[PDB]
>>> print(open('input.tsv').read())   # TSV, C-alpha atoms and all ligand atoms
chain	number	residue	atom	x	y	z
J	1	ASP	CA	0.07	-53.92	-57.38
J	2	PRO	CA	3.35	-52.06	-57.90
J	3	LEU	CA	1.91	-49.32	-55.68
J	4	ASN	CA	2.03	-51.76	-52.74
J	5	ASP	CA	5.42	-53.28	-53.63
J	6	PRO	CA	8.00	-51.84	-51.14
J	7	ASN	CA	10.86	-52.48	-53.60
J	8	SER	CA	9.17	-50.87	-56.64
J	9	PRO	CA	10.52	-47.47	-57.77
J	10	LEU	CA	7.00	-46.22	-56.82
J	11	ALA	CA	7.78	-46.88	-53.16
J	12	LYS	CA	9.44	-43.44	-53.08
J	13	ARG	CA	6.63	-40.87	-52.87
J	14	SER	CA	8.27	-37.55	-52.03
J	15	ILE	CA	10.02	-34.63	-53.75
J	16	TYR	CA	12.26	-32.42	-51.61
J	17	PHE	CA	12.89	-28.68	-52.11
J	18	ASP	CA	15.52	-26.10	-51.34
J	19	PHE	CA	14.96	-23.25	-48.91
J	20	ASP	CA	12.38	-20.73	-50.09
J	21	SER	CA	12.13	-22.57	-53.46
J	22	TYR	CA	9.43	-24.47	-55.38
J	23	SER	CA	11.83	-25.56	-58.12
J	24	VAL	CA	11.49	-29.29	-58.85
J	25	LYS	CA	15.06	-30.48	-58.84
J	26	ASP	CA	16.19	-32.53	-61.84
J	27	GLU	CA	17.20	-35.41	-59.57
J	28	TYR	CA	13.44	-36.03	-58.99
J	29	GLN	CA	12.47	-36.20	-62.68
J	30	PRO	CA	13.03	-40.01	-62.79
J	31	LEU	CA	10.72	-40.52	-59.80
J	32	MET	CA	8.08	-38.36	-61.47
J	33	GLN	CA	8.51	-40.33	-64.69
J	34	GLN	CA	7.95	-43.59	-62.83
J	35	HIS	CA	4.75	-42.31	-61.19
J	36	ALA	CA	3.62	-40.76	-64.44
J	37	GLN	CA	4.05	-44.11	-66.22
J	38	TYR	CA	2.03	-45.77	-63.42
J	39	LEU	CA	-0.81	-43.23	-63.65
J	40	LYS	CA	-0.93	-43.38	-67.46
J	41	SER	CA	-1.24	-47.21	-67.33
J	42	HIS	CA	-3.76	-47.23	-64.44
J	43	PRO	CA	-6.32	-44.70	-65.67
J	44	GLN	CA	-8.66	-44.94	-62.68
J	45	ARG	CA	-5.89	-44.27	-60.12
J	46	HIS	CA	-5.96	-40.80	-58.60
J	47	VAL	CA	-3.17	-39.02	-56.74
J	48	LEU	CA	-3.27	-36.10	-54.31
J	49	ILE	CA	-0.11	-33.99	-54.36
J	50	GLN	CA	0.45	-32.44	-50.91
J	51	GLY	CA	2.86	-29.52	-50.57
J	52	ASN	CA	4.66	-28.76	-47.28
J	53	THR	CA	7.17	-26.24	-45.93
J	54	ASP	CA	9.57	-25.94	-43.06
J	55	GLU	CA	8.48	-23.71	-40.16
J	56	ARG	CA	10.40	-20.57	-41.13
J	57	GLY	CA	8.10	-17.70	-42.09
J	58	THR	CA	4.44	-16.93	-41.58
J	59	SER	CA	1.62	-19.46	-41.89
J	60	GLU	CA	0.28	-17.43	-44.83
J	61	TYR	CA	3.63	-17.33	-46.64
J	62	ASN	CA	4.11	-21.08	-46.25
J	63	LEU	CA	0.56	-22.04	-47.29
J	64	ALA	CA	1.26	-20.28	-50.57
J	65	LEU	CA	4.75	-21.77	-50.88
J	66	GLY	CA	3.41	-25.28	-50.23
J	67	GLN	CA	0.79	-24.69	-52.91
J	68	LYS	CA	3.47	-23.69	-55.44
J	69	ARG	CA	5.40	-26.85	-54.56
J	70	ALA	CA	2.35	-29.09	-55.15
J	71	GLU	CA	1.43	-27.20	-58.35
J	72	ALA	CA	5.00	-27.54	-59.62
J	73	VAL	CA	4.89	-31.32	-59.17
J	74	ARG	CA	1.44	-31.53	-60.74
J	75	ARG	CA	2.67	-29.50	-63.74
J	76	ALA	CA	5.77	-31.66	-64.16
J	77	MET	CA	3.66	-34.82	-64.17
J	78	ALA	CA	1.18	-33.23	-66.59
J	79	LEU	CA	4.11	-32.51	-68.93
J	80	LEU	CA	4.99	-36.21	-68.60
J	81	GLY	CA	1.53	-37.09	-69.92
J	82	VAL	CA	-0.63	-37.62	-66.80
J	83	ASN	CA	-4.23	-36.65	-67.48
J	84	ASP	CA	-5.32	-33.72	-65.26
J	85	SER	CA	-8.39	-35.71	-64.14
J	86	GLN	CA	-6.18	-38.06	-62.11
J	87	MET	CA	-4.35	-35.35	-60.08
J	88	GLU	CA	-5.15	-32.76	-57.43
J	89	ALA	CA	-2.72	-30.33	-55.73
J	90	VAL	CA	-3.16	-29.05	-52.15
J	91	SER	CA	-1.08	-27.27	-49.54
J	92	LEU	CA	-0.50	-28.14	-45.90
J	93	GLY	CA	1.84	-25.16	-45.46
J	94	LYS	CA	3.95	-25.50	-42.33
J	95	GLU	CA	1.03	-26.99	-40.41
J	96	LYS	CA	1.89	-30.72	-40.62
J	97	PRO	CA	5.64	-31.13	-40.03
J	98	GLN	CA	7.00	-34.61	-40.44
J	99	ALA	CA	10.23	-33.86	-38.53
J	100	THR	CA	9.44	-31.84	-35.43
J	101	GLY	CA	12.84	-30.36	-34.54
J	102	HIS	CA	13.94	-26.77	-34.99
J	103	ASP	CA	17.03	-26.90	-37.19
J	104	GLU	CA	17.99	-27.80	-40.75
J	105	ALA	CA	18.07	-31.54	-40.01
J	106	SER	CA	14.29	-31.34	-39.56
J	107	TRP	CA	13.55	-28.45	-41.92
J	108	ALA	CA	15.03	-30.20	-44.97
J	109	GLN	CA	12.62	-33.13	-44.44
J	110	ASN	CA	9.66	-30.77	-44.33
J	111	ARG	CA	10.32	-28.85	-47.58
J	112	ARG	CA	8.50	-31.62	-49.35
J	113	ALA	CA	5.68	-32.63	-51.71
J	114	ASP	CA	4.11	-36.05	-51.26
J	115	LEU	CA	2.29	-38.14	-53.86
J	116	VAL	CA	-0.61	-39.58	-51.87
J	117	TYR	CA	-2.57	-42.20	-53.80
J	118	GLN	CA	-6.26	-42.61	-53.10
J	119	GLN	CA	-6.54	-46.29	-52.01
E	1	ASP	CA	10.27	-53.23	-11.43
E	2	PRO	CA	10.73	-54.99	-14.80
E	3	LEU	CA	8.16	-52.83	-16.65
E	4	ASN	CA	10.20	-49.72	-15.77
E	5	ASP	CA	13.52	-51.20	-16.92
E	6	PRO	CA	14.50	-49.89	-20.39
E	7	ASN	CA	16.89	-52.88	-20.57
E	8	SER	CA	14.40	-55.72	-19.86
E	9	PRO	CA	13.06	-57.90	-22.70
E	10	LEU	CA	9.72	-56.49	-21.55
E	11	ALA	CA	10.70	-53.04	-22.87
E	12	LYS	CA	9.75	-54.23	-26.39
E	13	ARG	CA	5.95	-53.99	-26.44
E	14	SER	CA	4.96	-53.94	-30.13
E	15	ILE	CA	3.93	-56.57	-32.67
E	16	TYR	CA	4.13	-55.56	-36.35
E	17	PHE	CA	2.04	-56.76	-39.26
E	18	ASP	CA	2.18	-57.10	-43.02
E	19	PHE	CA	0.03	-55.05	-45.36
E	20	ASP	CA	-3.67	-55.83	-44.89
E	21	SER	CA	-2.80	-58.68	-42.52
E	22	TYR	CA	-3.79	-59.44	-38.93
E	23	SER	CA	-1.64	-62.58	-38.77
E	24	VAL	CA	0.73	-62.62	-35.81
E	25	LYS	CA	4.08	-63.78	-37.16
E	26	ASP	CA	6.04	-66.48	-35.38
E	27	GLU	CA	8.97	-64.14	-34.85
E	28	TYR	CA	6.81	-62.35	-32.21
E	29	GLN	CA	5.85	-65.46	-30.21
E	30	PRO	CA	8.93	-65.07	-27.96
E	31	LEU	CA	7.96	-61.48	-27.12
E	32	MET	CA	4.43	-62.57	-26.32
E	33	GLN	CA	5.78	-65.42	-24.17
E	34	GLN	CA	7.86	-62.96	-22.18
E	35	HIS	CA	4.89	-60.69	-21.46
E	36	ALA	CA	2.66	-63.71	-20.81
E	37	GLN	CA	5.12	-64.94	-18.16
E	38	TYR	CA	5.08	-61.50	-16.60
E	39	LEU	CA	1.28	-61.26	-16.55
E	40	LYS	CA	0.91	-64.77	-15.12
E	41	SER	CA	3.35	-63.95	-12.22
E	42	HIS	CA	1.78	-60.52	-11.59
E	43	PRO	CA	-1.94	-61.35	-11.36
E	44	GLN	CA	-3.19	-57.81	-10.66
E	45	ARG	CA	-1.31	-56.25	-13.62
E	46	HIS	CA	-3.56	-55.38	-16.59
E	47	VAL	CA	-2.62	-54.73	-20.22
E	48	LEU	CA	-4.51	-52.85	-22.95
E	49	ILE	CA	-3.72	-54.20	-26.41
E	50	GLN	CA	-4.12	-51.35	-28.93
E	51	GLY	CA	-4.34	-52.18	-32.63
E	52	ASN	CA	-3.20	-49.72	-35.31
E	53	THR	CA	-3.00	-49.50	-39.10
E	54	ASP	CA	-1.26	-47.50	-41.75
E	55	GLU	CA	-3.28	-44.83	-43.51
E	56	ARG	CA	-4.23	-46.78	-46.64
E	57	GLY	CA	-7.93	-47.53	-46.97
E	58	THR	CA	-11.01	-46.17	-45.29
E	59	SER	CA	-11.21	-45.14	-41.66
E	60	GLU	CA	-13.91	-47.78	-41.18
E	61	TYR	CA	-11.90	-50.58	-42.79
E	62	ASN	CA	-8.86	-49.68	-40.70
E	63	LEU	CA	-10.82	-49.47	-37.44
E	64	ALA	CA	-11.95	-53.09	-38.04
E	65	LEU	CA	-8.44	-54.19	-39.13
E	66	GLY	CA	-6.84	-52.66	-36.02
E	67	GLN	CA	-9.43	-54.51	-33.92
E	68	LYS	CA	-8.56	-57.83	-35.58
E	69	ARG	CA	-4.88	-57.11	-34.91
E	70	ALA	CA	-5.49	-56.39	-31.25
E	71	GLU	CA	-7.75	-59.46	-30.91
E	72	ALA	CA	-5.17	-61.73	-32.59
E	73	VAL	CA	-2.57	-60.61	-30.04
E	74	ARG	CA	-5.05	-61.07	-27.18
E	75	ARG	CA	-5.85	-64.56	-28.46
E	76	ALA	CA	-2.19	-65.53	-28.71
E	77	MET	CA	-1.57	-64.26	-25.13
E	78	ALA	CA	-4.57	-66.21	-23.85
E	79	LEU	CA	-3.20	-69.36	-25.47
E	80	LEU	CA	0.05	-68.70	-23.56
E	81	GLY	CA	-1.99	-68.80	-20.36
E	82	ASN	CA	-6.24	-64.91	-17.83
E	83	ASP	CA	-8.76	-62.90	-19.86
E	84	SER	CA	-9.47	-60.74	-16.81
E	85	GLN	CA	-6.05	-59.07	-17.23
E	86	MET	CA	-6.47	-58.12	-20.96
E	87	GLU	CA	-8.59	-55.80	-23.12
E	88	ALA	CA	-8.31	-55.26	-26.90
E	89	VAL	CA	-9.15	-51.98	-28.65
E	90	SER	CA	-8.58	-50.42	-32.05
E	91	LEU	CA	-7.19	-47.01	-32.90
E	92	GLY	CA	-7.57	-47.69	-36.64
E	93	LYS	CA	-5.44	-45.29	-38.66
E	94	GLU	CA	-6.16	-42.42	-36.29
E	95	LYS	CA	-2.98	-42.39	-34.12
E	96	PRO	CA	0.02	-42.86	-36.41
E	97	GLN	CA	3.39	-43.23	-34.76
E	98	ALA	CA	5.23	-42.33	-37.96
E	99	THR	CA	3.58	-39.48	-39.84
E	100	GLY	CA	5.11	-39.93	-43.30
E	101	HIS	CA	3.29	-41.08	-46.38
E	102	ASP	CA	5.38	-44.02	-47.58
E	103	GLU	CA	6.25	-47.56	-46.51
E	104	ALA	CA	9.03	-46.39	-44.17
E	105	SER	CA	6.30	-44.88	-41.99
E	106	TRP	CA	3.48	-47.28	-42.82
E	107	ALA	CA	5.42	-50.33	-41.67
E	108	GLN	CA	5.78	-48.76	-38.21
E	109	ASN	CA	2.03	-48.12	-37.96
E	110	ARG	CA	0.79	-51.68	-38.81
E	111	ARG	CA	1.21	-52.51	-35.18
E	112	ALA	CA	-0.34	-53.70	-31.94
E	113	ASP	CA	1.02	-52.34	-28.66
E	114	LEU	CA	0.93	-53.85	-25.18
E	115	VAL	CA	-0.01	-50.86	-23.00
E	116	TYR	CA	0.37	-51.64	-19.30
E	117	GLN	CA	-2.12	-49.94	-16.97
T	1	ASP	CA	21.97	-14.23	-43.86
T	2	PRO	CA	24.19	-16.44	-41.70
T	3	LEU	CA	20.98	-17.48	-39.94
T	4	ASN	CA	19.99	-19.53	-43.02
T	5	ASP	CA	23.47	-20.76	-43.86
T	6	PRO	CA	23.77	-24.43	-43.07
T	7	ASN	CA	27.50	-24.10	-42.76
T	8	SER	CA	27.38	-21.28	-40.23
T	9	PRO	CA	27.93	-21.99	-36.58
T	10	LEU	CA	24.44	-20.51	-36.16
T	11	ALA	CA	23.10	-23.73	-37.78
T	12	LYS	CA	23.07	-25.42	-34.35
T	13	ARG	CA	20.00	-24.38	-32.37
T	14	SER	CA	19.79	-26.66	-29.35
T	15	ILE	CA	21.17	-27.02	-25.84
T	16	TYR	CA	20.86	-30.42	-24.16
T	17	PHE	CA	20.53	-31.03	-20.41
T	18	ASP	CA	21.18	-33.79	-17.89
T	19	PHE	CA	18.37	-35.55	-16.02
T	20	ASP	CA	16.47	-33.21	-13.67
T	21	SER	CA	18.93	-30.35	-14.32
T	22	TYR	CA	18.73	-26.89	-15.89
T	23	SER	CA	22.49	-26.40	-15.84
T	24	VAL	CA	23.83	-25.10	-19.16
T	25	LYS	CA	26.91	-27.19	-19.85
T	26	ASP	CA	30.11	-25.42	-20.76
T	27	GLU	CA	30.33	-27.28	-24.07
T	28	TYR	CA	27.50	-24.98	-25.18
T	29	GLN	CA	29.15	-21.66	-24.34
T	30	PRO	CA	30.67	-21.32	-27.84
T	31	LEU	CA	27.29	-21.87	-29.50
T	32	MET	CA	25.72	-19.24	-27.27
T	33	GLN	CA	28.59	-16.83	-27.98
T	34	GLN	CA	27.91	-17.24	-31.68
T	35	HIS	CA	24.18	-16.57	-31.33
T	36	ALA	CA	24.94	-13.69	-28.96
T	37	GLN	CA	27.25	-12.13	-31.55
T	38	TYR	CA	24.56	-12.50	-34.22
T	39	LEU	CA	21.81	-11.01	-32.06
T	40	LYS	CA	23.92	-8.06	-30.94
T	41	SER	CA	24.73	-7.15	-34.56
T	42	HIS	CA	21.12	-7.63	-35.81
T	43	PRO	CA	18.90	-5.66	-33.39
T	44	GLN	CA	15.74	-6.48	-35.41
T	45	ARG	CA	16.19	-10.21	-34.76
T	46	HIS	CA	14.23	-11.78	-31.91
T	47	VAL	CA	14.74	-15.29	-30.56
T	48	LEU	CA	12.30	-17.45	-28.62
T	49	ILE	CA	14.05	-19.85	-26.21
T	50	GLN	CA	11.80	-22.92	-25.80
T	51	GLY	CA	12.46	-25.30	-22.90
T	52	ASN	CA	11.53	-28.98	-22.99
T	53	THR	CA	11.71	-32.03	-20.72
T	54	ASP	CA	11.63	-35.79	-21.03
T	55	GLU	CA	8.42	-37.58	-20.01
T	56	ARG	CA	9.31	-38.50	-16.44
T	57	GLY	CA	7.51	-36.52	-13.76
T	58	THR	CA	4.25	-34.63	-13.80
T	59	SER	CA	3.12	-32.06	-16.34
T	60	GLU	CA	3.40	-29.35	-13.66
T	61	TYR	CA	6.91	-30.39	-12.57
T	62	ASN	CA	8.16	-30.45	-16.14
T	63	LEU	CA	6.50	-27.19	-17.16
T	64	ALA	CA	8.57	-25.48	-14.44
T	65	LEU	CA	11.73	-27.45	-15.28
T	66	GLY	CA	11.38	-26.52	-18.95
T	67	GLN	CA	11.00	-22.89	-17.87
T	68	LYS	CA	14.16	-23.04	-15.75
T	69	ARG	CA	16.01	-24.48	-18.74
T	70	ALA	CA	14.85	-21.68	-21.03
T	71	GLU	CA	15.62	-19.04	-18.41
T	72	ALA	CA	19.11	-20.51	-17.90
T	73	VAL	CA	19.87	-20.08	-21.59
T	74	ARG	CA	18.41	-16.55	-21.62
T	75	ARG	CA	20.61	-15.55	-18.65
T	76	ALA	CA	23.71	-17.05	-20.22
T	77	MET	CA	23.07	-15.04	-23.38
T	78	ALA	CA	22.27	-11.90	-21.35
T	79	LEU	CA	25.71	-12.25	-19.72
T	80	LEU	CA	27.20	-12.38	-23.23
T	81	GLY	CA	25.67	-8.98	-24.07
T	82	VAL	CA	22.29	-9.87	-25.64
T	83	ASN	CA	19.63	-7.26	-24.93
T	84	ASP	CA	16.73	-8.75	-23.01
T	85	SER	CA	14.34	-7.15	-25.53
T	86	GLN	CA	15.60	-9.56	-28.20
T	87	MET	CA	14.84	-12.73	-26.20
T	88	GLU	CA	11.82	-14.53	-24.74
T	89	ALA	CA	11.99	-17.68	-22.58
T	90	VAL	CA	9.03	-20.11	-22.63
T	91	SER	CA	8.36	-23.70	-21.57
T	92	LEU	CA	6.75	-26.57	-23.45
T	93	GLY	CA	7.30	-28.91	-20.51
T	94	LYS	CA	6.91	-32.51	-21.59
T	95	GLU	CA	4.06	-31.67	-23.93
T	96	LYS	CA	6.00	-31.54	-27.28
T	97	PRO	CA	8.45	-34.45	-27.34
T	98	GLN	CA	10.75	-34.84	-30.33
T	99	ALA	CA	11.62	-38.48	-29.69
T	100	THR	CA	8.65	-40.65	-28.69
T	101	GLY	CA	10.42	-43.80	-27.51
T	102	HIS	CA	10.80	-44.69	-23.83
T	103	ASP	CA	14.57	-45.11	-23.50
T	104	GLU	CA	17.63	-43.15	-22.41
T	105	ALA	CA	18.28	-41.99	-25.99
T	106	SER	CA	14.78	-40.56	-26.56
T	107	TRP	CA	14.72	-38.97	-23.10
T	108	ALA	CA	18.08	-37.25	-23.63
T	109	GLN	CA	16.86	-35.86	-26.95
T	110	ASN	CA	13.90	-34.20	-25.21
T	111	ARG	CA	15.86	-32.57	-22.34
T	112	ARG	CA	16.45	-29.64	-24.59
T	113	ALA	CA	16.20	-25.90	-25.13
T	114	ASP	CA	15.77	-24.61	-28.68
T	115	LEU	CA	16.65	-21.19	-30.05
T	116	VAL	CA	13.76	-20.41	-32.39
T	117	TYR	CA	14.22	-17.26	-34.47
T	118	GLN	CA	11.11	-15.47	-35.62
T	119	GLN	CA	11.21	-15.35	-39.45
J	201	LIG	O1	10.71	-20.85	-46.46
J	201	LIG	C1	10.36	-21.99	-46.01
J	201	LIG	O2	9.69	-22.09	-44.92
J	201	LIG	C2	10.59	-23.25	-46.87
J	201	LIG	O3	11.44	-23.29	-47.83
J	201	LIG	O4	9.86	-24.26	-46.61
J	202	LIG	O1	-4.21	-51.74	-45.01
J	202	LIG	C1	-3.75	-51.05	-44.06
J	202	LIG	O2	-4.03	-49.82	-43.91
J	202	LIG	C2	-2.86	-51.76	-43.03
J	202	LIG	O3	-2.41	-52.92	-43.29
J	202	LIG	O4	-2.61	-51.15	-41.96
J	203	LIG	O1	13.11	-34.97	-15.14
J	203	LIG	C1	12.81	-34.78	-16.35
J	203	LIG	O2	11.62	-35.02	-16.82
J	203	LIG	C2	13.86	-34.12	-17.25
J	203	LIG	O3	15.07	-34.01	-16.95
J	203	LIG	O4	13.46	-33.63	-18.32
>>> encode(input="input.tsv", output="structure tokens")
Amino acid sequence: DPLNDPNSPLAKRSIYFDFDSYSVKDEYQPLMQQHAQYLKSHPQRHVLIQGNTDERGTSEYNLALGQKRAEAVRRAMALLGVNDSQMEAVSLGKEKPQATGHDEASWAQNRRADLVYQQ
Amino acid sequence: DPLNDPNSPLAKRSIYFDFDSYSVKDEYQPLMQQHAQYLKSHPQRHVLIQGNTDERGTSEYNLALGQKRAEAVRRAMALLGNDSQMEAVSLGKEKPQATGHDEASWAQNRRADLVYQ
Amino acid sequence: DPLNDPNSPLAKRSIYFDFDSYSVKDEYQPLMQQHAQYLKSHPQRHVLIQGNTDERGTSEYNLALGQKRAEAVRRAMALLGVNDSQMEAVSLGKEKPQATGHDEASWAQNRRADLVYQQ
């Protein structure tokens, strides 16, 4: 399965965001196109889009920002043709940092939406 | 004491696995030989072999796969020479070392550790 | 806000310590001068100084060592003019390691005090 091929374009699973932004940067449109093509040619595959933030700001603010990040990715893949039935969008806010330091080297890694396939 | 030396060959304590595999690759036989020699020359030293998986698949499937990984390492150590110094347990996918959701993390979590007691 | 400018000297947030020491090395005085200047000119800003340790020694020992590290940074910034009402010093001991390996490089990374601004 290309989903389990570490050298497929699908091996990249994450979209990164600028500070206090849920704009999907154009440099991630190709990645979204690749995953969209996968989902449209594997109609029983479902993906969970998880939005995350860096630690700056309240838990409440970042739950909402993470949700906008996940919803922005879901919308972009919907525009690329993915049927809504194969996607869900959820927020982890700032609660599940990947990088655990307290400067921009960590925070940039945490302003992130992940495509998590149900396997 | 060699298990406290960050510079000993014994400081490497992990065996890594391919996707959905509990086969111990030949490249790790030298590591296992090193720890085997240590355990055979330190008869009261015990090791807990903990098996781990990446997050893909059910919790139940991954608990069983981590167990097979730990038992394959235990078996390979036994073949290198006493069962009374080893236990094998599975953490399934529950204790990821790398917390990301792609192969860069997952490869680090398909792993059995030698945990000295 | 210079506090969110990655090219500001304020971008650096961490002070690193030698084994079993809470001495603030002189190489960090310029960083603390920069954060002191920022705090003095932004009286609404509050910073939490979080002290950490590497894994060697007991939880109790390291809780206290982490506290001495955070207090050492707070005193250094107090001597640079920062009002005590804009700082708090707390300890995470060895409970929140950044680097999880068991080697000199991981240990050095965790002998650390972080300036965490409330945002
Ligand atoms: O504002 C933030 O915390 C962000 O951009 O993740
Ligand atoms: O299938 C898995 O989750 C693995 O290989 O760890
Ligand atoms: O002794 C230690 O644990 C240290 O320096 O953090």
>>> calpha_fit_and_write(input="input.tsv", fixed="chain J", moving="chain T", output="CSV table (one decimal) with C-alpha atoms, in the coordinates of the input")
chain,number,residue,atom,x,y,z
T,1,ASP,CA,0.0,-53.9,-57.7
T,2,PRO,CA,3.4,-52.1,-58.1
T,3,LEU,CA,1.9,-49.4,-55.9
T,4,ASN,CA,2.2,-51.6,-52.9
T,5,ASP,CA,5.4,-53.3,-53.8
T,6,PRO,CA,8.2,-52.0,-51.6
T,7,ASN,CA,10.8,-52.9,-54.2
T,8,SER,CA,9.1,-50.9,-57.0
T,9,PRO,CA,10.4,-47.5,-57.9
T,10,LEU,CA,6.9,-46.3,-57.0
T,11,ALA,CA,7.9,-46.9,-53.3
T,12,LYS,CA,9.4,-43.4,-53.2
T,13,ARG,CA,6.7,-40.8,-52.7
T,14,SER,CA,8.4,-37.6,-51.9
T,15,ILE,CA,10.1,-34.6,-53.6
T,16,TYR,CA,12.3,-32.4,-51.4
T,17,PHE,CA,12.9,-28.7,-52.0
T,18,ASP,CA,15.5,-26.0,-51.2
T,19,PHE,CA,14.9,-23.2,-48.8
T,20,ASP,CA,12.2,-20.8,-50.1
T,21,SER,CA,12.0,-22.6,-53.5
T,22,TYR,CA,9.4,-24.5,-55.4
T,23,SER,CA,11.8,-25.7,-58.0
T,24,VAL,CA,11.6,-29.4,-58.7
T,25,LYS,CA,15.1,-30.7,-58.8
T,26,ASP,CA,16.2,-32.8,-61.8
T,27,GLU,CA,17.2,-35.6,-59.5
T,28,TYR,CA,13.5,-36.2,-59.1
T,29,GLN,CA,12.6,-36.4,-62.8
T,30,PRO,CA,13.0,-40.2,-62.9
T,31,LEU,CA,10.7,-40.7,-59.9
T,32,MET,CA,8.1,-38.6,-61.6
T,33,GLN,CA,8.5,-40.5,-64.8
T,34,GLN,CA,7.8,-43.7,-62.9
T,35,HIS,CA,4.7,-42.4,-61.3
T,36,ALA,CA,3.6,-40.8,-64.6
T,37,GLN,CA,4.0,-44.2,-66.3
T,38,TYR,CA,1.9,-45.8,-63.5
T,39,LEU,CA,-0.9,-43.2,-63.7
T,40,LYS,CA,-1.1,-43.3,-67.4
T,41,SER,CA,-1.6,-47.1,-67.4
T,42,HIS,CA,-4.1,-47.1,-64.5
T,43,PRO,CA,-6.7,-44.5,-65.4
T,44,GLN,CA,-8.7,-45.3,-62.2
T,45,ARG,CA,-5.9,-44.2,-60.0
T,46,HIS,CA,-5.9,-40.7,-58.5
T,47,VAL,CA,-3.0,-39.0,-56.7
T,48,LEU,CA,-3.2,-36.1,-54.3
T,49,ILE,CA,0.0,-34.0,-54.4
T,50,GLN,CA,0.4,-32.4,-50.9
T,51,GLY,CA,2.9,-29.5,-50.5
T,52,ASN,CA,4.6,-28.7,-47.2
T,53,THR,CA,7.0,-26.2,-45.8
T,54,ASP,CA,9.5,-25.8,-42.9
T,55,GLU,CA,8.4,-23.6,-40.0
T,56,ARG,CA,10.1,-20.4,-41.0
T,57,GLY,CA,7.8,-17.6,-42.2
T,58,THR,CA,4.1,-17.0,-41.6
T,59,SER,CA,1.3,-19.5,-42.0
T,60,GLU,CA,0.0,-17.5,-45.0
T,61,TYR,CA,3.4,-17.3,-46.7
T,62,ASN,CA,3.9,-21.0,-46.3
T,63,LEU,CA,0.4,-22.0,-47.3
T,64,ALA,CA,1.1,-20.4,-50.7
T,65,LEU,CA,4.7,-21.8,-50.9
T,66,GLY,CA,3.4,-25.3,-50.2
T,67,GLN,CA,0.8,-24.7,-52.9
T,68,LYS,CA,3.5,-23.7,-55.4
T,69,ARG,CA,5.4,-26.8,-54.6
T,70,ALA,CA,2.4,-29.1,-55.2
T,71,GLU,CA,1.6,-27.2,-58.4
T,72,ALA,CA,5.2,-27.6,-59.6
T,73,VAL,CA,5.0,-31.3,-59.2
T,74,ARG,CA,1.6,-31.5,-60.9
T,75,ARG,CA,2.9,-29.5,-63.9
T,76,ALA,CA,6.0,-31.7,-64.2
T,77,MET,CA,3.8,-34.8,-64.2
T,78,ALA,CA,1.4,-33.2,-66.7
T,79,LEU,CA,4.3,-32.6,-69.0
T,80,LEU,CA,5.1,-36.3,-68.7
T,81,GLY,CA,1.6,-37.2,-70.0
T,82,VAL,CA,-0.5,-37.5,-66.8
T,83,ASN,CA,-4.1,-36.5,-67.3
T,84,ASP,CA,-5.0,-33.6,-65.1
T,85,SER,CA,-8.2,-35.5,-64.0
T,86,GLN,CA,-5.9,-38.0,-62.2
T,87,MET,CA,-4.1,-35.4,-60.0
T,88,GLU,CA,-5.0,-32.8,-57.4
T,89,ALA,CA,-2.5,-30.3,-55.8
T,90,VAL,CA,-3.1,-29.1,-52.3
T,91,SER,CA,-1.1,-27.3,-49.6
T,92,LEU,CA,-0.6,-28.1,-45.9
T,93,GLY,CA,1.7,-25.1,-45.5
T,94,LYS,CA,3.7,-25.5,-42.3
T,95,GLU,CA,0.8,-26.9,-40.4
T,96,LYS,CA,1.7,-30.7,-40.6
T,97,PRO,CA,5.5,-31.0,-40.0
T,98,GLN,CA,7.1,-34.5,-40.1
T,99,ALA,CA,10.2,-33.5,-38.2
T,100,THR,CA,9.6,-31.3,-35.1
T,101,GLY,CA,13.1,-30.3,-34.3
T,102,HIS,CA,14.4,-26.8,-35.1
T,103,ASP,CA,17.5,-27.5,-37.1
T,104,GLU,CA,18.6,-27.7,-40.8
T,105,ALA,CA,17.9,-31.5,-40.9
T,106,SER,CA,14.3,-31.2,-39.6
T,107,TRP,CA,13.6,-28.2,-41.8
T,108,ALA,CA,14.9,-30.0,-45.0
T,109,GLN,CA,12.6,-32.9,-44.2
T,110,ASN,CA,9.6,-30.7,-44.1
T,111,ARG,CA,10.3,-28.8,-47.4
T,112,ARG,CA,8.5,-31.6,-49.2
T,113,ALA,CA,5.7,-32.6,-51.6
T,114,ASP,CA,4.1,-36.1,-51.2
T,115,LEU,CA,2.4,-38.2,-53.7
T,116,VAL,CA,-0.6,-39.6,-51.8
T,117,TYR,CA,-2.6,-42.2,-53.7
T,118,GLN,CA,-6.2,-42.7,-52.8
T,119,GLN,CA,-6.7,-46.3,-51.7
>>> interface_residues(input="input.tsv", of="chain J", to="chain T", cutoff="8 Å", atoms="only C-alpha atoms", output="MDAnalysis selection string")
chainID J and resid 56:58 100:104
>>> residues_near_ligand(input="input.tsv", ligand="ligand LIG 203 (chain J)", cutoff="7 Å", atoms="all atoms listed in the file", output="number ranges by chain")
T: 18-21, 52-57, 62, 110-111
>>> residues_near_ligand(input="input.tsv", ligand="ligand LIG 202 (chain J)", cutoff="7 Å", atoms="only C-alpha atoms and all ligand atoms", output="PyMOL selection string")
chain E and resi 18-21+52-57+62+109-110
>>> residues_around(input="input.tsv", residues="residue E:66", least_positions_apart="5", cutoff="10 Å", atoms="only C-alpha atoms", output="list in words")
residues 20, 21, 22, 50, 51, 52, 53, 54, 61, 71, 72, 88, 89, 90, 91, 92, 93, 110, 111 and 112 of chain E
>>> closest_residue(input="input.tsv", among="T:105, T:43, T:112, T:92", to="chain E", atoms="only C-alpha atoms")
T:105
>>> interface_residues(input="input.tsv", of="chain E", to="chain T", cutoff="12 Å", atoms="all atoms listed in the file", output="PyMOL selection string")
chain E and resi 3-8+11-14+96-98
>>> residues_around(input="input.tsv", residues="residue T:36", least_positions_apart="6", cutoff="9 Å", atoms="only C-alpha atoms", output="list in words")
residues 77, 78, 80, 81 and 82 of chain T
